[PDB]
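Text of the file start34.txt, holding compact mmCIF, C-alpha atoms and all ligand atoms:
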```txt
# COMPACT_ATOMS: atom_id res chain seq x y z
CA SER A 1 43.50 -81.30 -118.19
CA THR A 2 40.47 -79.59 -119.70
CA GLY A 3 36.73 -80.01 -119.81
CA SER A 4 34.01 -78.82 -122.16
CA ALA A 5 30.26 -79.13 -121.63
CA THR A 6 27.23 -77.79 -123.45
CA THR A 7 24.83 -75.60 -121.47
CA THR A 8 21.19 -75.40 -122.55
CA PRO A 9 18.41 -72.89 -121.74
CA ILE A 10 15.72 -74.41 -119.53
CA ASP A 11 12.87 -72.67 -121.38
CA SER A 12 12.02 -70.35 -124.27
CA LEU A 13 13.00 -67.26 -122.24
CA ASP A 14 16.55 -68.28 -121.25
CA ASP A 15 15.43 -68.12 -117.61
CA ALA A 16 18.43 -70.29 -116.70
CA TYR A 17 20.88 -72.69 -118.31
CA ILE A 18 21.53 -76.30 -117.31
CA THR A 19 24.69 -78.30 -117.89
CA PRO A 20 25.00 -82.08 -117.44
CA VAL A 21 27.28 -83.14 -114.59
CA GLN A 22 28.38 -86.68 -113.77
CA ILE A 23 28.39 -87.51 -110.04
CA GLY A 24 29.47 -90.77 -108.44
CA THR A 25 30.35 -94.27 -109.61
CA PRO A 26 28.63 -95.45 -111.76
CA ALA A 27 27.92 -91.95 -113.03
CA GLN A 28 24.67 -90.27 -112.06
CA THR A 29 24.05 -87.43 -114.50
CA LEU A 30 22.26 -84.39 -113.10
CA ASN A 31 21.54 -81.15 -114.93
CA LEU A 32 22.98 -78.35 -112.83
CA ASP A 33 22.71 -74.57 -113.06
CA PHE A 34 26.30 -73.28 -113.22
CA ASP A 35 26.29 -70.20 -111.02
CA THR A 36 29.28 -67.85 -111.00
CA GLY A 37 27.46 -65.90 -108.25
CA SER A 38 27.60 -68.63 -105.59
CA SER A 39 30.00 -71.28 -104.36
CA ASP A 40 28.00 -74.38 -103.37
CA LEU A 41 27.55 -77.49 -105.49
CA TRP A 42 24.23 -78.84 -104.26
CA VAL A 43 21.84 -81.40 -105.69
CA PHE A 44 18.38 -82.80 -105.30
CA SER A 45 18.96 -86.17 -103.70
CA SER A 46 17.50 -89.31 -102.17
CA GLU A 47 17.53 -87.26 -98.94
CA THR A 48 15.38 -84.39 -100.24
CA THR A 49 11.98 -84.16 -98.54
CA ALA A 50 9.71 -86.11 -100.89
CA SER A 51 7.01 -83.42 -101.05
CA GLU A 52 9.65 -80.95 -102.30
CA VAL A 53 10.75 -83.08 -105.29
CA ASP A 54 8.69 -82.66 -108.48
CA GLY A 55 10.35 -84.17 -111.53
CA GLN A 56 14.00 -83.48 -110.77
CA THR A 57 16.66 -86.13 -111.20
CA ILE A 58 18.09 -87.01 -107.80
CA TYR A 59 21.56 -88.01 -106.66
CA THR A 60 21.52 -91.19 -104.57
CA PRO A 61 24.83 -91.42 -102.69
CA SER A 62 24.07 -94.95 -101.45
CA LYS A 63 24.30 -96.12 -105.08
CA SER A 64 27.75 -94.56 -105.63
CA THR A 65 30.78 -96.66 -104.72
CA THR A 66 32.89 -93.49 -104.39
CA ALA A 67 30.51 -91.47 -102.20
CA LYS A 68 31.51 -90.78 -98.60
CA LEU A 69 29.55 -88.89 -95.99
CA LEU A 70 31.40 -85.73 -94.97
CA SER A 71 30.56 -86.45 -91.35
CA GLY A 72 29.04 -83.56 -89.44
CA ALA A 73 29.04 -81.13 -92.37
CA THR A 74 25.88 -79.19 -93.13
CA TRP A 75 25.06 -76.40 -95.53
CA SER A 76 22.38 -73.76 -95.92
CA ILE A 77 22.14 -71.13 -98.62
CA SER A 78 19.81 -68.38 -99.79
CA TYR A 79 19.78 -66.76 -103.21
CA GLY A 80 19.07 -63.24 -104.39
CA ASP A 81 15.49 -64.12 -105.35
CA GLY A 82 14.68 -65.36 -101.85
CA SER A 83 15.00 -69.06 -102.72
CA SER A 84 16.92 -71.38 -100.44
CA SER A 85 18.08 -74.93 -99.80
CA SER A 86 19.94 -76.85 -97.11
CA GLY A 87 21.18 -80.29 -96.17
CA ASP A 88 24.24 -82.43 -95.50
CA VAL A 89 27.37 -83.22 -97.50
CA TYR A 90 29.01 -86.13 -99.30
CA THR A 91 32.30 -86.22 -101.12
CA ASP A 92 32.23 -87.94 -104.49
CA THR A 93 33.77 -87.93 -107.94
CA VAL A 94 32.35 -85.15 -110.10
CA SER A 95 32.99 -84.78 -113.83
CA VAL A 96 32.05 -81.89 -116.12
CA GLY A 97 32.60 -82.35 -119.82
CA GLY A 98 35.42 -84.85 -119.32
CA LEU A 99 37.16 -83.00 -116.46
CA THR A 100 37.12 -85.02 -113.23
CA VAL A 101 37.52 -83.93 -109.60
CA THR A 102 37.76 -86.65 -106.99
CA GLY A 103 36.66 -85.81 -103.47
CA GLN A 104 34.41 -82.93 -104.52
CA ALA A 105 31.94 -81.77 -101.88
CA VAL A 106 28.46 -82.66 -103.17
CA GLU A 107 25.91 -80.95 -100.96
CA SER A 108 22.80 -83.10 -100.69
CA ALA A 109 19.57 -81.17 -100.22
CA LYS A 110 17.31 -82.21 -97.39
CA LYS A 111 15.08 -79.17 -97.98
CA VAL A 112 14.54 -76.85 -100.95
CA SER A 113 12.27 -73.85 -101.27
CA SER A 114 9.23 -73.76 -103.52
CA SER A 115 10.92 -72.13 -106.52
CA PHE A 116 13.36 -75.04 -106.74
CA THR A 117 10.59 -77.63 -106.42
CA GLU A 118 8.63 -75.84 -109.15
CA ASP A 119 11.56 -75.93 -111.60
CA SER A 120 11.63 -79.55 -112.71
CA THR A 121 14.52 -78.88 -115.13
CA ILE A 122 17.12 -77.81 -112.51
CA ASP A 123 18.58 -80.71 -110.53
CA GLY A 124 20.83 -78.46 -108.45
CA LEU A 125 23.47 -75.76 -108.70
CA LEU A 126 27.20 -75.80 -109.35
CA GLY A 127 28.75 -72.70 -107.80
CA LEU A 128 31.68 -71.04 -109.55
CA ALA A 129 32.23 -67.94 -107.40
CA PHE A 130 35.14 -67.94 -104.95
CA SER A 131 35.27 -70.68 -102.34
CA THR A 132 35.17 -68.09 -99.54
CA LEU A 133 31.39 -67.95 -100.15
CA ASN A 134 30.86 -71.70 -99.70
CA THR A 135 28.33 -72.35 -96.94
CA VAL A 136 29.48 -75.77 -95.68
CA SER A 137 30.02 -75.79 -91.91
CA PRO A 138 32.12 -76.40 -89.88
CA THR A 139 34.69 -77.08 -92.64
CA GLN A 140 34.20 -74.78 -95.62
CA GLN A 141 34.50 -76.57 -98.96
CA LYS A 142 36.04 -75.68 -102.31
CA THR A 143 34.17 -75.22 -105.58
CA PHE A 144 34.57 -77.60 -108.48
CA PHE A 145 36.72 -75.00 -110.25
CA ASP A 146 38.92 -74.40 -107.20
CA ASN A 147 39.47 -78.16 -106.83
CA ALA A 148 40.24 -78.61 -110.54
CA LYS A 149 42.37 -75.50 -110.91
CA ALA A 150 45.81 -76.97 -110.21
CA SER A 151 45.20 -79.77 -112.74
CA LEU A 152 43.93 -77.52 -115.54
CA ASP A 153 46.10 -76.53 -118.49
CA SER A 154 45.30 -72.89 -117.60
CA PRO A 155 43.50 -71.80 -114.39
CA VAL A 156 40.43 -70.50 -116.23
CA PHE A 157 36.92 -71.35 -117.22
CA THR A 158 34.84 -69.68 -119.92
CA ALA A 159 31.12 -69.03 -120.32
CA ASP A 160 29.71 -68.83 -123.85
CA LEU A 161 25.97 -68.63 -123.27
CA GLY A 162 23.54 -68.75 -126.17
CA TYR A 163 20.55 -66.56 -126.92
CA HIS A 164 17.60 -68.95 -127.12
CA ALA A 165 20.20 -71.56 -128.01
CA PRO A 166 22.76 -73.83 -126.34
CA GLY A 167 26.22 -72.63 -125.40
CA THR A 168 29.39 -73.90 -123.79
CA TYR A 169 31.29 -73.94 -120.50
CA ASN A 170 34.98 -74.75 -121.00
CA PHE A 171 37.47 -75.44 -118.23
CA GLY A 172 41.21 -75.06 -118.58
CA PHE A 173 41.50 -73.49 -122.03
CA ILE A 174 40.32 -70.57 -124.14
CA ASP A 175 38.63 -71.58 -127.42
CA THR A 176 40.01 -68.97 -129.81
CA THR A 177 37.39 -69.95 -132.42
CA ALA A 178 34.51 -68.99 -130.11
CA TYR A 179 34.78 -65.19 -130.29
CA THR A 180 35.55 -62.35 -132.66
CA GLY A 181 38.22 -59.72 -132.18
CA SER A 182 40.19 -59.68 -128.95
CA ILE A 183 39.34 -60.50 -125.36
CA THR A 184 39.56 -57.45 -123.10
CA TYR A 185 40.61 -58.34 -119.57
CA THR A 186 39.59 -56.31 -116.54
CA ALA A 187 40.54 -56.47 -112.88
CA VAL A 188 38.52 -58.52 -110.39
CA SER A 189 37.97 -57.86 -106.70
CA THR A 190 37.44 -61.01 -104.64
CA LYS A 191 36.68 -59.03 -101.48
CA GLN A 192 33.00 -60.06 -101.51
CA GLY A 193 33.66 -63.54 -102.92
CA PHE A 194 32.24 -62.68 -106.36
CA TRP A 195 33.67 -62.12 -109.83
CA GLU A 196 33.36 -58.42 -109.14
CA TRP A 197 34.60 -55.90 -111.70
CA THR A 198 34.00 -52.32 -112.85
CA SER A 199 32.36 -51.58 -116.18
CA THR A 200 33.51 -48.35 -117.81
CA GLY A 201 30.07 -47.14 -118.90
CA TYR A 202 27.16 -47.70 -121.21
CA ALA A 203 25.24 -46.62 -124.28
CA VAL A 204 21.57 -47.01 -125.23
CA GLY A 205 20.89 -48.00 -128.83
CA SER A 206 22.81 -45.79 -131.24
CA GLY A 207 23.43 -43.16 -128.56
CA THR A 208 26.79 -41.88 -127.46
CA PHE A 209 28.70 -43.73 -124.78
CA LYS A 210 28.43 -42.48 -121.18
CA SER A 211 31.75 -42.97 -119.40
CA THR A 212 30.93 -43.93 -115.81
CA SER A 213 32.22 -46.59 -113.44
CA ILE A 214 29.71 -49.36 -112.69
CA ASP A 215 30.85 -51.91 -110.12
CA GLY A 216 29.10 -55.23 -110.50
CA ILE A 217 29.40 -59.00 -110.59
CA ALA A 218 29.53 -61.41 -113.51
CA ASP A 219 26.81 -63.88 -112.51
CA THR A 220 25.76 -66.72 -114.82
CA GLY A 221 23.13 -67.74 -112.26
CA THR A 222 21.16 -64.49 -112.57
CA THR A 223 18.79 -64.24 -115.54
CA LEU A 224 18.70 -60.47 -116.06
CA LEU A 225 20.96 -57.42 -116.10
CA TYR A 226 20.61 -55.35 -112.91
CA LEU A 227 22.10 -51.86 -113.07
CA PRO A 228 21.73 -48.56 -111.20
CA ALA A 229 18.33 -46.91 -111.40
CA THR A 230 19.78 -43.96 -113.35
CA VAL A 231 21.12 -46.23 -116.10
CA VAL A 232 17.98 -48.37 -116.24
CA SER A 233 15.72 -45.31 -116.46
CA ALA A 234 17.82 -43.90 -119.31
CA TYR A 235 17.36 -47.18 -121.18
CA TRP A 236 13.60 -47.59 -120.71
CA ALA A 237 12.95 -43.93 -121.49
CA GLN A 238 13.77 -44.84 -125.10
CA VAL A 239 10.89 -47.35 -125.27
CA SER A 240 7.43 -45.85 -125.78
CA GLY A 241 5.09 -46.93 -123.00
CA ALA A 242 7.76 -48.59 -120.87
CA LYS A 243 7.32 -48.09 -117.14
CA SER A 244 8.32 -49.52 -113.79
CA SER A 245 5.45 -51.52 -112.27
CA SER A 246 5.48 -52.19 -108.55
CA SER A 247 2.78 -54.85 -109.00
CA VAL A 248 4.87 -56.74 -111.56
CA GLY A 249 8.17 -56.04 -109.81
CA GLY A 250 10.12 -54.15 -112.44
CA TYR A 251 10.14 -52.47 -115.81
CA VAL A 252 7.57 -53.66 -118.34
CA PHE A 253 7.11 -52.50 -121.90
CA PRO A 254 4.52 -52.93 -124.65
CA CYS A 255 5.00 -56.22 -126.43
CA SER A 256 4.51 -54.27 -129.67
CA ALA A 257 7.85 -52.48 -129.13
CA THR A 258 11.18 -53.12 -130.80
CA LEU A 259 13.85 -52.66 -128.14
CA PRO A 260 17.09 -50.71 -128.52
CA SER A 261 20.40 -52.40 -127.90
CA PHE A 262 22.39 -51.79 -124.73
CA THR A 263 26.17 -51.40 -124.75
CA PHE A 264 28.40 -51.85 -121.72
CA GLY A 265 32.06 -50.93 -121.42
CA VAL A 266 34.88 -53.33 -120.58
CA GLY A 267 37.96 -51.14 -120.33
CA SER A 268 38.17 -49.40 -123.69
CA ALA A 269 36.14 -52.18 -125.36
CA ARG A 270 32.38 -52.48 -125.77
CA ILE A 271 29.92 -55.36 -125.57
CA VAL A 272 26.63 -54.75 -127.40
CA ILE A 273 23.52 -56.54 -126.12
CA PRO A 274 20.98 -56.72 -128.98
CA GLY A 275 17.55 -55.36 -128.17
CA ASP A 276 15.97 -58.78 -128.64
CA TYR A 277 18.04 -60.13 -125.74
CA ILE A 278 16.25 -57.65 -123.44
CA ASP A 279 12.77 -59.00 -124.29
CA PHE A 280 11.52 -61.52 -121.70
CA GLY A 281 8.07 -61.82 -123.19
CA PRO A 282 4.58 -61.43 -121.78
CA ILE A 283 4.33 -61.00 -118.01
CA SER A 284 1.66 -63.73 -118.10
CA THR A 285 0.34 -65.86 -120.94
CA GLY A 286 -1.49 -63.75 -123.49
CA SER A 287 -0.51 -60.42 -121.96
CA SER A 288 0.54 -57.54 -124.16
CA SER A 289 2.82 -56.26 -121.39
CA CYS A 290 6.32 -57.69 -121.69
CA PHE A 291 8.97 -58.00 -118.98
CA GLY A 292 12.24 -56.13 -119.45
CA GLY A 293 15.63 -57.79 -119.32
CA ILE A 294 17.32 -54.73 -117.82
CA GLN A 295 16.14 -53.95 -114.30
CA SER A 296 17.16 -51.72 -111.42
CA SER A 297 19.65 -53.01 -108.88
CA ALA A 298 18.26 -50.60 -106.28
CA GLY A 299 17.52 -52.57 -103.14
CA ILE A 300 19.60 -55.53 -104.30
CA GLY A 301 22.73 -53.80 -103.04
CA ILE A 302 24.91 -54.85 -105.99
CA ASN A 303 24.86 -54.53 -109.77
CA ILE A 304 24.59 -57.89 -111.52
CA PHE A 305 25.79 -58.64 -115.05
CA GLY A 306 23.55 -61.68 -115.40
CA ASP A 307 22.76 -63.79 -118.42
CA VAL A 308 21.25 -60.93 -120.46
CA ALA A 309 24.69 -59.31 -120.50
CA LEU A 310 26.90 -62.40 -120.40
CA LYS A 311 25.20 -64.15 -123.32
CA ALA A 312 26.21 -61.25 -125.57
CA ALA A 313 29.86 -62.07 -124.92
CA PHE A 314 32.48 -64.75 -124.66
CA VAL A 315 33.50 -64.46 -121.00
CA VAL A 316 36.76 -65.65 -119.42
CA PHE A 317 36.82 -66.28 -115.67
CA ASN A 318 40.56 -66.20 -115.02
CA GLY A 319 41.31 -67.79 -111.65
CA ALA A 320 45.04 -67.13 -111.69
CA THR A 321 46.72 -65.79 -108.55
CA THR A 322 45.52 -62.33 -109.61
CA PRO A 323 42.02 -63.08 -110.95
CA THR A 324 40.63 -61.22 -113.92
CA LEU A 325 37.60 -61.28 -116.19
CA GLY A 326 37.82 -61.22 -119.97
CA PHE A 327 35.07 -60.20 -122.39
CA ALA A 328 35.02 -60.60 -126.16
CA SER A 329 32.30 -60.03 -128.71
CA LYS A 330 31.04 -63.06 -130.60
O1 LIG B 401 21.73 -60.64 -103.39
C1 LIG B 401 21.91 -60.41 -104.79
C2 LIG B 401 22.74 -61.59 -105.28
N1 LIG B 401 22.27 -62.74 -105.64
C3 LIG B 401 23.13 -63.66 -106.03
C4 LIG B 401 22.61 -65.13 -106.47
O2 LIG B 401 22.01 -65.75 -105.31
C5 LIG B 401 23.81 -66.01 -106.98
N2 LIG B 401 23.61 -66.09 -108.52
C6 LIG B 401 22.30 -65.98 -108.71
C7 LIG B 401 21.51 -67.25 -108.78
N3 LIG B 401 20.21 -67.47 -108.64
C8 LIG B 401 20.00 -68.75 -108.81
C9 LIG B 401 18.75 -69.40 -108.76
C10 LIG B 401 17.77 -68.97 -107.84
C11 LIG B 401 16.54 -69.60 -107.81
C12 LIG B 401 16.28 -70.64 -108.70
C13 LIG B 401 14.93 -71.30 -108.64
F1 LIG B 401 13.97 -70.40 -109.12
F2 LIG B 401 14.90 -72.41 -109.35
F3 LIG B 401 14.64 -71.56 -107.31
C14 LIG B 401 17.25 -71.07 -109.63
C15 LIG B 401 18.49 -70.43 -109.65
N4 LIG B 401 21.13 -69.36 -109.07
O3 LIG B 401 22.09 -68.40 -109.05
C16 LIG B 401 21.70 -65.07 -107.46
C17 LIG B 401 24.48 -63.29 -106.02
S1 LIG B 401 24.48 -61.66 -105.46
```
Represent the structure of the file as structure tokens.
Ligand SMILES: OCc1nc([C@]2(O)CN[C@@H](c3nc(-c4ccc(C(F)(F)F)cc4)no3)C2)cs1
Amino acid sequence: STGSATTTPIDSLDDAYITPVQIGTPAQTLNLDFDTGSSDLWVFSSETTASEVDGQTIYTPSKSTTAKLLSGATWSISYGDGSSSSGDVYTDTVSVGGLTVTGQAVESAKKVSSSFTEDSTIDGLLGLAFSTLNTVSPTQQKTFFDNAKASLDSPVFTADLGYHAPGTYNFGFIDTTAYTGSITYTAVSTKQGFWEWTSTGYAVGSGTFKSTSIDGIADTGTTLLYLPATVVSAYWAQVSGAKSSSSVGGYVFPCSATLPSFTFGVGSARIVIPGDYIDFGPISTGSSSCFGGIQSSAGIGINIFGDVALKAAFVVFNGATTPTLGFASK
């Protein structure tokens, strides 16, 4: 089997991408944030505290003929931005782009933190990291990809995110029309439960390539590119007036600037992020200070190849027995 679904930016900044997901019978379609950096499929629901729901579409398990309470199971998760959610668990039929998993754990939120309430466009998350990170207790649950894997034509999914434009998540096949050149595959460590790999270095704009190992994770659920402070400083030093602002929480730059590209290494190959992809616009409406798309990972504890990096590439998440990541230009 295969599936293919379009993913769409939630706003003009590409802050996140949402993908329609069918849950239950008859189908209830919710727009979920596919997150290769976590492993819970959770949704706003008829159980979510009413004061914490503000415009989201909710899953109502009592209206699904295939929903079953996963008795005694609870979940609770926090994200890298400090946001969180928690609740109980149903199993139900879940379909993404024509690919169906029966008995998928659908984690129903009883509580969500303010950032989720405030984002009316995100109805929940669909985790695509390794199932060892799933937070359901006392019986840990598998991700949608893990459940589908044995049925897929090939044990892979691909992320083809757009820049200020829709893109595609495919399951079970590699669309050879979606990229240019070849896909370069690189080894993955699952030791932390992430799609963790080692970039071979970087370049700023037209500069020469710096060969240096950069461990990090491929995370579709993170907006920006978080790299070591040395690398990030070398980038922003090329932008007149750019500076790290503790009050804003990262590097800002004059909105009058044209940004250089940023290249990262994948083995002997290179992915070039255009400068425009690094512009996240005014820090507040009308400001002439703009927020940078490349930020320091210092104090996060891990480098994150988030959407800024991933949307410059066609990315293969190969979940074979020995997992790998593939990157191609597009
Ligand atoms: O500790 C550093 C690390 N962090 C992670 C992640 O937690 C897993 N991927 C990312 C992710 N964030 C979100 C997300 C957070 C908040 C919202 C809100 F604003 F709507 F609330 C929406 C989406 N989704 O995925 C970060 C992995 S490593």
Q: Please identify all polymer residues within 7 Å of region 213-226 of chain A, counting all atoms listed in the file, omitting same-chain residues fewer than 5 positions from it, and present them as a list in words.
A: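 Close residues of region 213-226 of chain A: residues 15, 16, 33, 34, 35, 36, 37, 194, 195, 196, 197, 198, 199, 200, 201, 293, 294, 295, 296, 297, 302, 303, 304, 305, 306, 307, 308 and 309 of chain A.
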So which residues touch residue 79 (chain A) within 10 Å, counting only C-alpha atoms, skipping near sequence neighbours fewer than 2 positions away, as a compact mmCIF listing (two decimals) with C-alpha atoms, in the frame of the given file?
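Here's the written file selection37.txt:
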```
# COMPACT_ATOMS: atom_id res chain seq x y z
CA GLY A 37 27.46 -65.90 -108.25
CA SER A 38 27.60 -68.63 -105.59
CA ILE A 77 22.14 -71.13 -98.62
CA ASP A 81 15.49 -64.12 -105.35
CA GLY A 82 14.68 -65.36 -101.85
CA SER A 83 15.00 -69.06 -102.72
CA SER A 84 16.92 -71.38 -100.44
CA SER A 85 18.08 -74.93 -99.80
CA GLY A 221 23.13 -67.74 -112.26
CA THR A 222 21.16 -64.49 -112.57
```
Q: For each of A:86, A:245, A:256, A:168, take the minimum atom-to-atom distance to residue 315 (chain A), counting all atoms listed in the file, then give the residue where this is smallest.
A: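 Nearest candidate to residue 315 (chain A) out of A:86, A:245, A:256, A:168: A:168.
With all atoms listed in the file as the atoms that count, the residue of A:120, A:151, A:176, A:182 with the shortest distance to ligand LIG 401 (chain B) is A:120.
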Q: Quick one: everything within 9 Å of residue 137 (chain A), counting only C-alpha atoms, minus sequence neighbours fewer than 4 positions away in the same chain. Send it as a ChimeraX atom specification.
A: /A:72-76,141
Q: Pick out the closest residue to ligand LIG 401 (chain B) from this set: A:189, A:39, A:261, A:6. Count only C-alpha atoms and all ligand atoms.
A: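 For ligand LIG 401 (chain B), the nearest of the given residues is A:39.
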Q) Pick from A:227, A:133, A:278, A:165: nearest to residue 8 (chain A), with all atoms listed in the file counted? A) A:165
Quick one: what's the axis-aligned box for region 180-185 of chain A, all listed atoms, 5 Å on every side, centre and edges in Å to one decimal, as AutoDock Vina command-line options?
```
--center_x 38.1 --center_y -59.9 --center_z -126.1 --size_x 15.1 --size_y 14.9 --size_z 23.1
```
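Interatomic distance, CA of residue 271 (chain A) to CA of residue 202 (chain A): 9.2 Å.
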Q | Residue nearest ligand LIG 401 (chain B) among A:113, A:321, A:154, A:238 (counting all atoms listed in the file) | A |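 Of A:113, A:321, A:154, A:238, the one nearest ligand LIG 401 (chain B), counting all atoms listed in the file, is A:113.
For residue 98 (chain A), the list of residues within 9 Å, based on only C-alpha atoms and with local chain neighbours fewer than 3 positions off taken out, reads residues 1, 2, 3, 4, 5 and 95 of chain A.
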Q: Find the distance between CA of residue 166 (chain A) and CA of residue 276 (chain A) and write it in Å to one decimal.
A: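 So the answer is 16.7 Å.
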Q: Record the distance separating CA of residue 7 (chain A) and CA of residue 123 (chain A), expressed in Å with one decimal.
A: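 CA of residue 123 (chain A) lies at a distance of 13.6 Å from CA of residue 7 (chain A).
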(Q) Set the distance at 12 Å and use only C-alpha atoms: which residues neighbour residue 145 (chain A) once local chain neighbours fewer than 5 positions away are removed? I'd like the list as a PyMOL selection string. (A) chain A and resi 2-3+34-36+39-41+94-96+99-101+104-105+126-131+150-152+154-158+169-172+317-320
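Proximity of A:316, A:136, A:229, A:107 to residue 301 (chain A), computed with only C-alpha atoms, is greatest for A:229.
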Region 150-165 of chain A from the block above, N, CA, C and O atoms, as a short mmCIF file (atom, residue, chain, number, x, y, z; two decimals), in the first residue's frame, please?
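Writing the result to result.cif gives the following:
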```cif
data_model
loop_
_atom_site.label_atom_id
_atom_site.label_comp_id
_atom_site.auth_asym_id
_atom_site.auth_seq_id
_atom_site.Cartn_x
_atom_site.Cartn_y
_atom_site.Cartn_z
N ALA A 150 4.63 -2.44 7.78
CA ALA A 150 4.64 -3.77 7.21
C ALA A 150 3.76 -3.87 5.97
O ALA A 150 4.01 -4.70 5.09
N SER A 151 2.75 -3.01 5.86
CA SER A 151 1.83 -3.03 4.73
C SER A 151 2.32 -2.20 3.56
O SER A 151 1.84 -2.39 2.44
N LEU A 152 3.27 -1.30 3.79
CA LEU A 152 3.71 -0.38 2.75
C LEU A 152 4.51 -1.11 1.68
O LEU A 152 5.18 -2.11 1.94
N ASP A 153 4.47 -0.56 0.46
CA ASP A 153 5.29 -1.11 -0.62
C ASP A 153 6.77 -1.06 -0.27
O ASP A 153 7.51 -2.02 -0.55
N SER A 154 7.21 0.02 0.37
CA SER A 154 8.57 0.20 0.85
C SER A 154 8.43 0.87 2.22
O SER A 154 7.54 1.71 2.39
N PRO A 155 9.26 0.50 3.20
CA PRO A 155 9.10 1.00 4.58
C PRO A 155 9.64 2.41 4.77
O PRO A 155 10.56 2.65 5.56
N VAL A 156 9.05 3.37 4.06
CA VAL A 156 9.57 4.73 3.98
C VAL A 156 8.41 5.71 4.02
O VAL A 156 7.28 5.38 3.66
N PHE A 157 8.72 6.93 4.43
CA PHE A 157 7.86 8.05 4.11
C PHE A 157 8.76 9.20 3.67
O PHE A 157 9.95 9.21 3.96
N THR A 158 8.19 10.15 2.94
CA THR A 158 8.97 11.26 2.42
C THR A 158 8.28 12.57 2.78
O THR A 158 7.04 12.64 2.84
N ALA A 159 9.09 13.59 3.05
CA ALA A 159 8.62 14.94 3.33
C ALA A 159 9.13 15.84 2.22
O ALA A 159 10.34 15.92 1.97
N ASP A 160 8.20 16.55 1.58
CA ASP A 160 8.51 17.47 0.49
C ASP A 160 7.78 18.76 0.85
O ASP A 160 6.71 19.06 0.32
N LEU A 161 8.37 19.53 1.77
CA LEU A 161 7.70 20.72 2.28
C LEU A 161 7.93 21.89 1.33
O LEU A 161 9.00 22.04 0.75
N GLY A 162 6.90 22.73 1.18
CA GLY A 162 7.00 23.89 0.33
C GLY A 162 7.43 25.14 1.07
O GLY A 162 7.24 25.28 2.27
N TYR A 163 8.01 26.06 0.32
CA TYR A 163 8.35 27.39 0.83
C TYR A 163 7.18 28.30 0.49
O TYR A 163 6.93 28.60 -0.68
N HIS A 164 6.45 28.73 1.52
CA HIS A 164 5.26 29.56 1.34
C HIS A 164 4.30 28.93 0.34
O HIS A 164 3.68 29.62 -0.47
N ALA A 165 4.19 27.61 0.38
CA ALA A 165 3.44 26.87 -0.62
C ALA A 165 3.18 25.48 -0.07
O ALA A 165 3.93 25.00 0.79
#
```
